[PDB]
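Notes follow the structure.
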Ligand SMILES: Nc1ncnc2c1ncn2[C@@H]1O[C@H](COP(=O)(O)O)[C@@H](O)[C@H]1O
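In UniProt numbering, the protein residues as written are 210 to 334.
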């Protein structure tokens with residue numbers, strides 16, 4: 210049932226290392242999200258994740274900025290994980306965001322800690 214807590218791949222807002230820095234800046238400016246998955250060309254070539262605050266901080270800073278330098282590591286998990294197993298993966302890793310793949314290794318979506326906590330403290334379970 211981990212699919213229902215998922216942000217589907219079509220709803221993922223992401224940055225593209227193959228695009229100009231300015232286009233990614235605009236993507237970030239037009240979204241409320243704190244963190245963005247970063248890929249190359251498309252979401253099936255995910256390279257990691259970027260903090261918006263950092264990107265913008267270091268942009269407003271005016272320092273020589275290359276997007277690839279702010280990328281942080283991203284964890285993948287199978288879509289076959291149970292709710293508990295997913296929860297424990299979050300606690301163990303301390304990750305805010307994890308990527309979910311199907312049996313072909315293809316990206317199905319992402320899960321956030323935030324969404325995981327909302328589901329625990331609401332009426333989900
Ligand atoms: N980069 C993103 N793309 C799509 N949805 C996201 C992204 N970041 C966060 N979300 C969703 O928005 C919620 C709030 O995240 P935030 O907007 O960063 O406070 C998360 O729990 C996810 O449901």
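From the three backbone atoms N, C-alpha and C, an ideal C-beta is built for every residue, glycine too.
Residue 252 has its alpha-carbon roughly 15 Å from the corresponding atom of residue 286. In this structure, 307 is the residue among 270, 307, 331 with its C-alpha nearest to the C-alpha of residue 221. In this structure, 263 is the residue among 263, 314, 300 with its C-alpha nearest to the C-alpha of residue 238. Cβ neighbours of residue 316 within its own chain (closer than 7 Å, five residues either side excluded): 218, 252, 253, 255, 308, 310.
The alpha carbon of residue 243 has as its nearest neighbour, out of 259, 233, 235, the alpha carbon of 259. Look at residue 243 here: in three-state DSSP terms it is coil, with no helix or strand label. When secondary structure is reduced to three states using DSSP, residue 219 falls in the helix class. Sorting 303, 289, 304 by C-alpha distance to the C-alpha of residue 314 places 289 at the top. In this structure, the alpha-carbon of residue 224 lies about 17 Å from that of residue 284. At a cut-off of 7 Å, the beta-carbon of residue 241 counts as near ligand 1: some heavy atom of the ligand is closer than that. Shown here, residue 292 sits in a helix according to DSSP, grouped into three states.
Counted as a single uninterrupted DSSP element, the stretch harbouring residue 210 is not any alpha helix (DSSP H), since DSSP gives it neither H nor E.
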